[PDB]
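Chemist: Quick one: structure below, then a few questions.
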Amino acid sequence: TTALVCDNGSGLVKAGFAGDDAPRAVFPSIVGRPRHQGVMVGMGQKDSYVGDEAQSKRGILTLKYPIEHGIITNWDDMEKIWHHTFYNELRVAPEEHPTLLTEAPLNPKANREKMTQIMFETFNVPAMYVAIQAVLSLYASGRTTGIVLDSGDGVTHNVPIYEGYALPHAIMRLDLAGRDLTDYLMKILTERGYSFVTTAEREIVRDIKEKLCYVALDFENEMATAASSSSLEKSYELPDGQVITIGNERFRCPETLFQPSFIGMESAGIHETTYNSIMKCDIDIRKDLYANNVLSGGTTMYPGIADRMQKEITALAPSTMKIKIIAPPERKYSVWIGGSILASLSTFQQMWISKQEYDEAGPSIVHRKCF
Amino acid sequence: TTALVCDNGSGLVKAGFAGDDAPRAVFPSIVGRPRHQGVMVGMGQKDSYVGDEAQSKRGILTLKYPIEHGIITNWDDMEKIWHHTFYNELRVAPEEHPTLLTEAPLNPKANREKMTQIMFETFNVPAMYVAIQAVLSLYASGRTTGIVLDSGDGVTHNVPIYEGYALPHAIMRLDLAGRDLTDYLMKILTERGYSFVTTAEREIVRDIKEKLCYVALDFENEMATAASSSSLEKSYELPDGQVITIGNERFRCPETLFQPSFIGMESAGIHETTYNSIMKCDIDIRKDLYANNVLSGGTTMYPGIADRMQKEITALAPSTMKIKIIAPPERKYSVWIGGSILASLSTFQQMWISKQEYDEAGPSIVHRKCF
Amino acid sequence: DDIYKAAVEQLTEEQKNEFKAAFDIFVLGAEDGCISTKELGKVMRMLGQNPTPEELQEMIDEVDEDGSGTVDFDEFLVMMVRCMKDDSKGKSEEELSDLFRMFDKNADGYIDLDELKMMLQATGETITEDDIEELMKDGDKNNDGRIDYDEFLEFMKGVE
Amino acid sequence: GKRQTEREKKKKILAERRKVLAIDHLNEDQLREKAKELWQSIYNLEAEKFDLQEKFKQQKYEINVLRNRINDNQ
Amino acid sequence: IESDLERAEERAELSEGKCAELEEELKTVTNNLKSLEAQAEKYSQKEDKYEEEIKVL
Amino acid sequence: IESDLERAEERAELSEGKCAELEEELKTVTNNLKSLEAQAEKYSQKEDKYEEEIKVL
Amino acid sequence: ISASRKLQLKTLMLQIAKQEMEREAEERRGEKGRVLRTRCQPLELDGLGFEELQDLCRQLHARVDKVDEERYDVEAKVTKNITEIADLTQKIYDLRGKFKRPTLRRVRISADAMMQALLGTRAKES
Ligand SMILES: Nc1ncnc2c1ncn2[C@@H]1O[C@H](COP(=O)(O)OP(=O)(O)O)[C@@H](O)[C@H]1O
Ligand SMILES: Nc1ncnc2c1ncn2[C@@H]1O[C@H](COP(=O)(O)OP(=O)(O)O)[C@@H](O)[C@H]1O
Ligand SMILES: [Ca+2]
Ligand SMILES: [Ca+2]
Ligand SMILES: [Mg+2]
Ligand SMILES: [Mg+2]
């Protein structure tokens, strides 16, 4: 039979059968209970709208993501999300399909063990396998080397790989991602008068960020230009009218990636954690990693980031090496495409964690040889 | 049929069919298992890369030479190296070809006996013969007398020969060679800030030594000059950029040959062990040995050694004798060229150790008349 | 794939006339008069199924391969037999290796212009020198007079 | 070790391949029948050896092709 | 155009490698020439000295 | 990409020119070295004869 | 000029190559028969008493053992060669794989199924 390549993510759940080009169903991972009282009788009001249904009734819900930073903080809601994904968005019972979840690097063990225990006890799948979210993104590019920066919505991690041999001592995981950029944008919009507070209006700020923000090639020059002319002010129409005008908030929101001091984080930007991740590698594979830097994940879709990052790394790196940044147009679904490719391989067909194996060793089987 | 003139050496395996000018395949003798974990599936990752393949993937391997000082310390790896040499670099099955290995003087017997046992049992050659590495280097020069200093990469030995009669009581074998010079260079580079530690970076230090180091004609004058001017500082580009500048480390690394007290060895330099080897000979053949001093081996390729050695010996020797140092341009492959010449001789065709002879007397046949 | 043409081989292009009538049932009133199969397939899809134009793009690109921009009815047949394939890849690749061994009687591992020329002479195919060079470069992808097994497979890829 | 152990294993396998020939209890007609059996066995061995030789030539050709492909890779 | 760029890069790399090898060879042979010239000068001086010795003896 | 490809091809052409010049230099120096080797051999023969005559005297 | 005509020409080339391969196989089997007849010494089984038959059977068994040893050695060499061929084939596949994995999408419904669904049973070719 065919395998189910699910990809929990944090912000958008992407799923679909193995062997295709794009995920079959992509929908936000939010579960929102209603918060008001409700007076109409017999309206058929449910107790929790999940997935894309709660992005249409969000006016009277309190949306809450079940995955904070890679890790899962609310297991009941995550179980509800998985149940919805299997039964309503794909309509395939899990009793007859292997599953291939994905997990960020350096995550707590208990999260992974609980994930496998749920998949084997509640949904009762035949066999499931958990894979690191960066190796898949490297599969999708058709490479076999390279250092991949997978800046998702929950957590940004940077896994270097050479000739198929991952370097476990050079993984640099940073917890700044799309959600913190949304919060920072929502916080700097208040400097013009627009106040978004409700958890429903966070979605509106996210839409503003997606449609308007861009990464500046040079920060100081853009700050000077936006403060003199008015060629940058782009307007946007809220879900009820009252258009708003975003000035130099456009390139200040995604600039937080390269200067995490804006949101008070100490660490260095995504332009310098990649160079540090390279320098921890051996001295003889640094040229190949320099030449095959891969971008993935949703947050790396800002217009103009593949040039800013290349300029920064070229500034840091030695002058002789060639710096090349691979930015495929299908960046958002790169991890899932790689997952489909991996699940479609014949050599991989014996790596699944078969159910009888789980019955013999318990949920701690995932840390064992079947990784 | 044709004979296979293999030459194990220590650092570079040189092989080729008898009767040519240069070895057919020359490649480092290193076997390196991978050391990291490896995450890509189906990449076709082998368990041990040998020969010149492991000089390209050395970034994720742990290279380890199977021959320490002439002697062989790891028989499985040496067998692997031989198998590679026969099947992939020459592509001739050994079942149909005699072999002519080479061995340093004064080596342990068990090494030679195990070598012949392997060649007769595993590879199953028709007949093999083991020859001393210095007599061949004397063949290649077209002489019949002379004292040859064969400073390889493992061990430096100095065999005097007159009129074809070797003098077994005058062989002076010293264990300082190219590898110790590489280690000493790697140890003195730390005085400028460059630290090479990994077994892969030893190859980079070896390349630095080959391309930059030279032997000073007079040591104190060079030490004084390099400490005042800056006309010696030559720069070199690492495999990733960050050029380095070598100052008076240039002629201090190969100076260890003439003053083995630098690396803590007690013995006298290669300039004085040759004179001692001559003085042990009879009083009537010392003039001929003085006039026909032969250099061979890789490590004698330093620019300016054929003058320093001549100056030193002229200082030691009596003033009347003429001191001449034969330094052919084809020094590195001198032993193998001599091996080809010896294997191509008709008079030598009945000295091979035929397999039936080995079956009758066991591996201890090599010490017998068939030397 | 081949069964369609085989069952229509005894007939003329009137199969395409029937297809044109079927399109007139749905998309009568074509404006370009050129290769256009995306519109009819999209109209077929619009009957309630999930919208997907990638299949239409694949079908509309399967016709043009010569690069001249023209789409013949034979190119339509090629698209039809390539969108649904049963006996592709030259049947068995092992037989392809046997044929390549037959080509490399010298057993050097590299097919030269001599080998391909003699094989085509044995076939006796009348193809102009331009097509000769086209097939050579399809085989000799790196264009150095040598063709290994991989280049042979690439040249005979989708060829049966 | 293993190499001489391999030789001993090979010679033992060959000895097992040597069938126990005992004709001291059979008429000359049965002797001729057994000789015919031996000749047919030798014919089968010859055919197998010839097929192995042809497949070995094919393998040599494929090895040459693989070497050429590796040269293309470099 | 990307494939064209890759081909240009590999051609340039090969040319530079050959250039480096030729540089090394020329360096070695020029050093040999210098050494031999010094030896020849010393040999001319020695020859004159030997002829003088022949005459006086 | 197009601009980068053009620059790479120009670099390759320059490297090829340099390689040709290096080949010329190498051949010239090789010839000179052979000539001086013959000269040194003549020097050696002269020295041998002078030494023999010195011994006799 | 025509893609279908080019495919037809390629098919004809395949037919010619297959015919040549069949001719080669026929030549190989004929040579096999001839060489088998040549190598295998005929059975001279006329006018022979018991003792010479025993001697001949024993010598034939010894020769059978010898040729069995030779054939076993050649079989070991062939097994080594095919193992090396598989190893180097996987090596080339790794050097020419990666992106060579099958990128196939099932959203493309087969045109035959679409024609059958939208036309019932009056679309029989597809
Ligand atoms: N076109 C876009 N431009 C800018 N940001 C985007 C765009 N699309 C998505 N994002 C950001 O990326 C996030 C989605 O990232 P995604 O890759 O789905 O995370 P995950 O790894 O959990 O799947 C969204 O929250 C959004 O903030
Ligand atoms: N051109 C060179 N200049 C200086 N040192 C060299 C040069 N070439 C080789 N060497 C040294 O000689 C060693 C090779 O010696 P070699 O003669 O191959 O040893 P073996 O006797 O084992 O074959 C290398 O390890 C290197 O350190
Ligand atoms: Ca066309
Ligand atoms: Ca080619
Ligand atoms: Mg992700
Ligand atoms: Mg040596």
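Identifiers in this document derive from the order of the structure tokens: chains are assigned A, B, ..., residues are numbered from 1 separately in each chain, and ligands are numbered from 1 in order of occurrence.
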Could you give me the residues within chain D that DSSP places in helix (DSSP H, G or I), as a PyMOL selection string?

Modeler: chain D and resi 3-17+28-73

Chemist: What residues have any atom no more than 10 Å from ligand 3 when counting only C-alpha atoms and all ligand atoms, and can you list them as a PyMOL selection string?

Modeler: (chain C and resi 63-72+74-75) or (chain G and resi 1-3)

Chemist: All in-order C-alpha pairs, least squares, chain F moved onto chain E. Output the fitted coordinates as an mmCIF file with N, CA and C atoms, in the first residue's frame, please.

Modeler:
```cif
data_model
loop_
_atom_site.group_PDB
_atom_site.id
_atom_site.type_symbol
_atom_site.label_atom_id
_atom_site.label_comp_id
_atom_site.auth_asym_id
_atom_site.auth_seq_id
_atom_site.Cartn_x
_atom_site.Cartn_y
_atom_site.Cartn_z
ATOM 1 N N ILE F 1 22.517 27.781 -23.039
ATOM 2 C CA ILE F 1 23.528 28.743 -22.606
ATOM 3 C C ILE F 1 24.014 28.421 -21.200
ATOM 4 N N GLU F 2 23.093 28.047 -20.308
ATOM 5 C CA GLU F 2 23.479 27.718 -18.938
ATOM 6 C C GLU F 2 24.426 26.526 -18.899
ATOM 7 N N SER F 3 24.111 25.474 -19.660
ATOM 8 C CA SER F 3 25.001 24.315 -19.690
ATOM 9 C C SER F 3 26.384 24.690 -20.212
ATOM 10 N N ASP F 4 26.430 25.500 -21.275
ATOM 11 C CA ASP F 4 27.717 25.910 -21.829
ATOM 12 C C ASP F 4 28.527 26.720 -20.820
ATOM 13 N N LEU F 5 27.862 27.622 -20.090
ATOM 14 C CA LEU F 5 28.547 28.414 -19.076
ATOM 15 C C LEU F 5 29.149 27.532 -17.990
ATOM 16 N N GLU F 6 28.382 26.545 -17.520
ATOM 17 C CA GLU F 6 28.909 25.645 -16.499
ATOM 18 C C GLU F 6 30.147 24.908 -16.994
ATOM 19 N N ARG F 7 30.092 24.386 -18.226
ATOM 20 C CA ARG F 7 31.247 23.667 -18.760
ATOM 21 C C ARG F 7 32.460 24.585 -18.891
ATOM 22 N N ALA F 8 32.246 25.823 -19.339
ATOM 23 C CA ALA F 8 33.358 26.761 -19.485
ATOM 24 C C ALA F 8 34.019 27.052 -18.143
ATOM 25 N N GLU F 9 33.215 27.265 -17.098
ATOM 26 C CA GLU F 9 33.800 27.549 -15.791
ATOM 27 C C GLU F 9 34.595 26.356 -15.267
ATOM 28 N N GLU F 10 34.082 25.139 -15.475
ATOM 29 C CA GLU F 10 34.842 23.956 -15.068
ATOM 30 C C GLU F 10 36.180 23.880 -15.800
ATOM 31 N N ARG F 11 36.168 24.160 -17.106
ATOM 32 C CA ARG F 11 37.413 24.191 -17.868
ATOM 33 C C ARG F 11 38.397 25.195 -17.280
ATOM 34 N N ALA F 12 37.900 26.381 -16.912
ATOM 35 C CA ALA F 12 38.775 27.405 -16.345
ATOM 36 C C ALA F 12 39.407 26.933 -15.038
ATOM 37 N N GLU F 13 38.619 26.272 -14.187
ATOM 38 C CA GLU F 13 39.170 25.747 -12.936
ATOM 39 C C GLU F 13 40.279 24.733 -13.200
ATOM 40 N N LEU F 14 40.047 23.824 -14.158
ATOM 41 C CA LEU F 14 41.073 22.836 -14.486
ATOM 42 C C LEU F 14 42.352 23.510 -14.970
ATOM 43 N N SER F 15 42.210 24.518 -15.833
ATOM 44 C CA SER F 15 43.383 25.224 -16.336
ATOM 45 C C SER F 15 44.141 25.920 -15.216
ATOM 46 N N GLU F 16 43.422 26.492 -14.243
ATOM 47 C CA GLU F 16 44.100 27.129 -13.117
ATOM 48 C C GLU F 16 44.912 26.121 -12.309
ATOM 49 N N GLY F 17 44.335 24.942 -12.055
ATOM 50 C CA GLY F 17 45.095 23.915 -11.353
ATOM 51 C C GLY F 17 46.365 23.529 -12.091
ATOM 52 N N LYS F 18 46.247 23.337 -13.408
ATOM 53 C CA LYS F 18 47.424 23.020 -14.213
ATOM 54 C C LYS F 18 48.474 24.120 -14.111
ATOM 55 N N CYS F 19 48.037 25.384 -14.137
ATOM 56 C CA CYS F 19 48.984 26.492 -14.050
ATOM 57 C C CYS F 19 49.733 26.475 -12.720
ATOM 58 N N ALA F 20 49.029 26.191 -11.623
ATOM 59 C CA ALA F 20 49.698 26.120 -10.324
ATOM 60 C C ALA F 20 50.773 25.038 -10.325
ATOM 61 N N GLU F 21 50.432 23.856 -10.844
ATOM 62 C CA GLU F 21 51.420 22.778 -10.893
ATOM 63 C C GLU F 21 52.631 23.173 -11.733
ATOM 64 N N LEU F 22 52.391 23.841 -12.865
ATOM 65 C CA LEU F 22 53.491 24.280 -13.713
ATOM 66 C C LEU F 22 54.392 25.274 -12.988
ATOM 67 N N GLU F 23 53.797 26.186 -12.215
ATOM 68 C CA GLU F 23 54.605 27.120 -11.433
ATOM 69 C C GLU F 23 55.538 26.369 -10.488
ATOM 70 N N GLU F 24 54.998 25.369 -9.785
ATOM 71 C CA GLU F 24 55.828 24.580 -8.875
ATOM 72 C C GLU F 24 57.001 23.943 -9.617
ATOM 73 N N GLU F 25 56.711 23.300 -10.754
ATOM 74 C CA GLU F 25 57.771 22.651 -11.518
ATOM 75 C C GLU F 25 58.837 23.650 -11.946
ATOM 76 N N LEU F 26 58.408 24.821 -12.425
ATOM 77 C CA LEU F 26 59.354 25.823 -12.908
ATOM 78 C C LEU F 26 60.300 26.261 -11.799
ATOM 79 N N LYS F 27 59.755 26.544 -10.611
ATOM 80 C CA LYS F 27 60.616 26.983 -9.518
ATOM 81 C C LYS F 27 61.617 25.904 -9.126
ATOM 82 N N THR F 28 61.162 24.649 -9.040
ATOM 83 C CA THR F 28 62.073 23.568 -8.673
ATOM 84 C C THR F 28 63.216 23.441 -9.676
ATOM 85 N N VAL F 29 62.886 23.429 -10.968
ATOM 86 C CA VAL F 29 63.918 23.269 -11.986
ATOM 87 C C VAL F 29 64.865 24.465 -11.985
ATOM 88 N N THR F 30 64.350 25.667 -11.714
ATOM 89 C CA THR F 30 65.216 26.842 -11.647
ATOM 90 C C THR F 30 66.257 26.686 -10.548
ATOM 91 N N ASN F 31 65.823 26.222 -9.371
ATOM 92 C CA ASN F 31 66.772 26.013 -8.278
ATOM 93 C C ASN F 31 67.834 24.987 -8.661
ATOM 94 N N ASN F 32 67.409 23.879 -9.279
ATOM 95 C CA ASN F 32 68.375 22.859 -9.684
ATOM 96 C C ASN F 32 69.385 23.416 -10.685
ATOM 97 N N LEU F 33 68.909 24.229 -11.630
ATOM 98 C CA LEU F 33 69.799 24.814 -12.625
ATOM 99 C C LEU F 33 70.829 25.728 -11.978
ATOM 100 N N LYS F 34 70.413 26.535 -10.997
ATOM 101 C CA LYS F 34 71.376 27.393 -10.307
ATOM 102 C C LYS F 34 72.450 26.566 -9.609
ATOM 103 N N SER F 35 72.035 25.490 -8.932
ATOM 104 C CA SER F 35 73.006 24.639 -8.246
ATOM 105 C C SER F 35 74.024 24.069 -9.229
ATOM 106 N N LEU F 36 73.545 23.567 -10.369
ATOM 107 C CA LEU F 36 74.474 23.010 -11.344
ATOM 108 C C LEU F 36 75.358 24.076 -11.987
ATOM 109 N N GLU F 37 74.872 25.312 -12.117
ATOM 110 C CA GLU F 37 75.735 26.388 -12.607
ATOM 111 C C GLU F 37 76.897 26.635 -11.656
ATOM 112 N N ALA F 38 76.617 26.652 -10.351
ATOM 113 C CA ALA F 38 77.704 26.793 -9.380
ATOM 114 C C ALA F 38 78.691 25.632 -9.490
ATOM 115 N N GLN F 39 78.168 24.413 -9.640
ATOM 116 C CA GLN F 39 79.039 23.245 -9.781
ATOM 117 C C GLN F 39 79.951 23.384 -11.000
ATOM 118 N N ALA F 40 79.390 23.832 -12.125
ATOM 119 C CA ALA F 40 80.187 24.011 -13.333
ATOM 120 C C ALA F 40 81.252 25.086 -13.152
ATOM 121 N N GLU F 41 80.938 26.150 -12.408
ATOM 122 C CA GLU F 41 81.957 27.160 -12.137
ATOM 123 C C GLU F 41 83.123 26.562 -11.351
ATOM 124 N N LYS F 42 82.814 25.713 -10.364
ATOM 125 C CA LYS F 42 83.882 25.033 -9.637
ATOM 126 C C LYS F 42 84.717 24.159 -10.573
ATOM 127 N N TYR F 43 84.046 23.438 -11.477
ATOM 128 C CA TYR F 43 84.749 22.663 -12.498
ATOM 129 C C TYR F 43 85.722 23.539 -13.285
ATOM 130 N N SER F 44 85.259 24.720 -13.695
ATOM 131 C CA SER F 44 86.095 25.621 -14.485
ATOM 132 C C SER F 44 87.336 26.038 -13.717
ATOM 133 N N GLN F 45 87.171 26.380 -12.438
ATOM 134 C CA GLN F 45 88.331 26.774 -11.635
ATOM 135 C C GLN F 45 89.333 25.630 -11.513
ATOM 136 N N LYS F 46 88.831 24.413 -11.279
ATOM 137 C CA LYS F 46 89.716 23.254 -11.192
ATOM 138 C C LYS F 46 90.507 23.083 -12.486
ATOM 139 N N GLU F 47 89.825 23.214 -13.625
ATOM 140 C CA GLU F 47 90.499 23.061 -14.911
ATOM 141 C C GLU F 47 91.575 24.123 -15.097
ATOM 142 N N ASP F 48 91.283 25.364 -14.698
ATOM 143 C CA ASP F 48 92.276 26.428 -14.826
ATOM 144 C C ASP F 48 93.542 26.081 -14.050
ATOM 145 N N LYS F 49 93.377 25.654 -12.794
ATOM 146 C CA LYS F 49 94.548 25.326 -11.987
ATOM 147 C C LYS F 49 95.329 24.160 -12.586
ATOM 148 N N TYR F 50 94.622 23.126 -13.054
ATOM 149 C CA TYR F 50 95.306 21.984 -13.649
ATOM 150 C C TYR F 50 96.082 22.392 -14.894
ATOM 151 N N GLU F 51 95.491 23.250 -15.727
ATOM 152 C CA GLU F 51 96.173 23.714 -16.931
ATOM 153 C C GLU F 51 97.451 24.462 -16.581
ATOM 154 N N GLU F 52 97.379 25.340 -15.577
ATOM 155 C CA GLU F 52 98.569 26.088 -15.174
ATOM 156 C C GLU F 52 99.674 25.147 -14.703
ATOM 157 N N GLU F 53 99.312 24.161 -13.880
ATOM 158 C CA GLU F 53 100.321 23.225 -13.388
ATOM 159 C C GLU F 53 100.921 22.409 -14.530
ATOM 160 N N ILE F 54 100.090 22.020 -15.503
ATOM 161 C CA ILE F 54 100.591 21.282 -16.660
ATOM 162 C C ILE F 54 101.618 22.111 -17.412
ATOM 163 N N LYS F 55 101.320 23.394 -17.627
ATOM 164 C CA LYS F 55 102.259 24.265 -18.318
ATOM 165 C C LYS F 55 103.590 24.338 -17.572
ATOM 166 N N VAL F 56 103.525 24.501 -16.247
ATOM 167 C CA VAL F 56 104.753 24.604 -15.460
ATOM 168 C C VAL F 56 105.581 23.325 -15.586
ATOM 169 N N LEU F 57 104.924 22.169 -15.470
ATOM 170 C CA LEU F 57 105.645 20.903 -15.548
ATOM 171 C C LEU F 57 106.283 20.711 -16.922
#
```

Chemist: Have a look at atom CA of residue 108 of chain G and atom CA of residue 49 of chain C and let me know their distance in Å, one decimal.

Modeler: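 The value is 12.2 Å.
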
Chemist: If we count only C-alpha atoms, which residues of chain B reach to within 8 Å of chain A? Please list them as a CSV table (one decimal) with C-alpha atoms, in the first residue's frame.

Modeler:
```csv
chain,number,residue,atom,x,y,z
B,36,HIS,CA,30.3,10.2,11.9
B,37,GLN,CA,26.9,8.6,11.8
B,38,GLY,CA,25.4,9.1,8.4
B,39,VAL,CA,21.8,10.0,7.8
B,40,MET,CA,21.2,9.8,4.0
B,41,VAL,CA,19.8,6.4,3.1
B,42,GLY,CA,20.8,4.5,0.0
B,43,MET,CA,23.8,6.8,-0.7
B,58,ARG,CA,39.2,12.8,4.1
B,59,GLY,CA,37.0,15.4,5.7
B,60,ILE,CA,34.8,12.7,7.3
B,201,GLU,CA,45.0,17.8,8.7
B,239,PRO,CA,41.9,24.1,1.5
B,240,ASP,CA,39.4,26.8,2.6
B,241,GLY,CA,41.1,30.1,2.4
B,242,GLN,CA,42.8,31.9,5.3
```

Chemist: Identify, on the basis of only C-alpha atoms, every residue whose closest approach to residue 25 of chain B does not exceed 12 Å; exclude the query and any residue fewer than 3 positions from it along the same chain; express the result as a PyMOL selection string.

Modeler: chain B and resi 4-7+12-17+22+28-29+51-52+84-91+333+336

Chemist: Select the residues contacting ligand 5 at a distance of at most 10 Å, based on only C-alpha atoms and all ligand atoms, then format the selection as a short mmCIF file (atom, residue, chain, number, x, y, z; two decimals) with N, CA and C atoms, in the first residue's frame.

Modeler:
```
data_model
loop_
_atom_site.label_atom_id
_atom_site.label_comp_id
_atom_site.auth_asym_id
_atom_site.auth_seq_id
_atom_site.Cartn_x
_atom_site.Cartn_y
_atom_site.Cartn_z
N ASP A 7 3.29 15.75 8.21
CA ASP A 7 4.36 16.65 8.63
C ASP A 7 3.76 17.68 9.58
N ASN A 8 3.88 17.42 10.88
CA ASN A 8 3.14 18.20 11.87
C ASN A 8 3.47 19.68 11.75
N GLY A 9 4.75 20.02 11.73
CA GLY A 9 5.06 21.42 11.63
C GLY A 9 4.53 22.17 12.84
N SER A 10 4.56 23.50 12.72
CA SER A 10 3.99 24.35 13.76
C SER A 10 3.44 25.60 13.07
N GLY A 11 2.16 25.58 12.76
CA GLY A 11 1.57 26.69 12.04
C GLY A 11 0.80 26.25 10.82
N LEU A 12 1.30 25.23 10.13
CA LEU A 12 0.60 24.64 8.99
C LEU A 12 0.89 23.15 8.97
N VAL A 13 -0.15 22.33 9.05
CA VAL A 13 -0.01 20.89 8.93
C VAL A 13 -0.09 20.52 7.46
N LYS A 14 0.93 19.85 6.95
CA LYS A 14 1.00 19.47 5.55
C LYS A 14 1.03 17.95 5.46
N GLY A 70 8.30 23.71 18.19
CA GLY A 70 8.66 22.35 17.86
C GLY A 70 8.02 21.35 18.79
N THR A 102 7.51 14.04 11.13
CA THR A 102 8.75 14.80 11.10
C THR A 102 8.91 15.56 12.41
N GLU A 103 10.16 15.74 12.83
CA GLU A 103 10.47 16.31 14.13
C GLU A 103 11.70 17.19 14.01
N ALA A 104 11.69 18.31 14.73
CA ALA A 104 12.84 19.20 14.72
C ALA A 104 14.01 18.55 15.43
N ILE A 132 14.18 13.65 10.84
CA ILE A 132 14.60 15.01 11.16
C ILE A 132 14.23 15.92 10.01
N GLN A 133 13.67 17.09 10.32
CA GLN A 133 13.06 17.93 9.31
C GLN A 133 14.06 18.50 8.31
N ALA A 134 15.35 18.41 8.58
CA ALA A 134 16.31 19.02 7.67
C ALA A 134 16.82 18.05 6.62
N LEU A 136 15.13 15.78 5.16
CA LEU A 136 14.15 15.76 4.08
C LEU A 136 14.32 16.95 3.15
N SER A 137 14.50 18.14 3.71
CA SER A 137 14.69 19.31 2.87
C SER A 137 15.94 19.18 2.03
N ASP A 150 16.60 25.58 7.93
CA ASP A 150 15.16 25.32 7.81
C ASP A 150 14.40 26.21 8.78
N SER A 151 14.18 27.45 8.37
CA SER A 151 13.55 28.44 9.24
C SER A 151 12.04 28.31 9.16
N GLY A 152 11.49 27.43 9.97
CA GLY A 152 10.06 27.21 9.98
C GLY A 152 9.30 28.34 10.64
N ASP A 153 8.15 27.99 11.21
CA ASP A 153 7.37 28.95 11.97
C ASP A 153 7.56 28.77 13.47
N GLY A 154 7.96 27.60 13.90
CA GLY A 154 8.22 27.40 15.31
C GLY A 154 9.66 27.64 15.69
N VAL A 155 10.59 26.99 14.99
CA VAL A 155 11.99 26.97 15.39
C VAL A 155 12.86 26.92 14.14
N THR A 156 13.97 27.63 14.18
CA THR A 156 14.94 27.67 13.09
C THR A 156 16.15 26.83 13.46
N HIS A 157 16.44 25.81 12.66
CA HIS A 157 17.56 24.92 12.93
C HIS A 157 18.39 24.77 11.67
N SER A 296 15.25 26.57 3.28
CA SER A 296 14.00 25.85 3.28
C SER A 296 13.03 26.55 4.22
N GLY A 297 11.93 25.88 4.52
CA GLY A 297 10.98 26.38 5.50
C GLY A 297 10.23 27.61 5.01
N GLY A 298 9.09 27.86 5.66
CA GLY A 298 8.23 28.94 5.22
C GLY A 298 8.87 30.30 5.37
N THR A 299 9.48 30.58 6.52
CA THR A 299 9.90 31.93 6.83
C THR A 299 11.00 32.43 5.91
N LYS A 332 8.36 26.33 0.56
CA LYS A 332 7.47 26.06 1.68
C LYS A 332 7.26 24.57 1.88
N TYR A 333 7.03 23.84 0.80
CA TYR A 333 6.76 22.42 0.88
C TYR A 333 8.00 21.58 0.65
N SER A 334 9.19 22.16 0.79
CA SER A 334 10.40 21.40 0.52
C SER A 334 10.52 20.21 1.44
N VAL A 335 10.23 20.40 2.73
CA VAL A 335 10.33 19.30 3.67
C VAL A 335 9.36 18.19 3.30
N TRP A 336 8.14 18.54 2.92
CA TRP A 336 7.20 17.48 2.59
C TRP A 336 7.55 16.79 1.28
#
```

Chemist: Could the residues of chain B within 10 Å of chain E, counting only C-alpha atoms, be given as a PyMOL selection string, please?

Modeler: chain B and resi 211+303-304+307+329

Chemist: List all protein, DNA and RNA residues that have at least one atom no more than 8 Å from any atom of ligand 4, counting only C-alpha atoms and all ligand atoms, and write them as a PDB file with C-alpha atoms, in the first residue's frame.

Modeler:
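Okay, part_35.pdb is ready:
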```
ATOM      1  CA  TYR C 110      32.895   3.414 -25.202  1.00  0.00           C
ATOM      2  CA  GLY C 139      24.048   9.508 -26.982  1.00  0.00           C
ATOM      3  CA  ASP C 140      27.341  11.379 -26.599  1.00  0.00           C
ATOM      4  CA  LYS C 141      25.915  13.913 -24.155  1.00  0.00           C
ATOM      5  CA  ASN C 142      29.337  15.307 -23.211  1.00  0.00           C
ATOM      6  CA  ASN C 143      30.229  15.314 -26.936  1.00  0.00           C
ATOM      7  CA  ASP C 144      33.661  13.653 -26.906  1.00  0.00           C
ATOM      8  CA  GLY C 145      33.142  10.659 -29.209  1.00  0.00           C
ATOM      9  CA  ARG C 146      32.599   8.167 -26.372  1.00  0.00           C
ATOM     10  CA  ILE C 147      29.329   6.570 -25.268  1.00  0.00           C
ATOM     11  CA  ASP C 148      29.139   4.409 -22.142  1.00  0.00           C
ATOM     12  CA  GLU C 151      24.778   7.418 -22.323  1.00  0.00           C
TER      13      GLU C 151
ATOM     14  CA  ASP D  72      33.311   9.584 -17.251  1.00  0.00           C
TER      15      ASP D  72
END
```

Chemist: Could you tell me how far atom CA of residue 275 of chain B lies from atom CA of residue 314 of chain B, in Å and to one decimal?

Modeler: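 Going from atom CA of residue 275 of chain B over to atom CA of residue 314 of chain B covers 9.9 Å.
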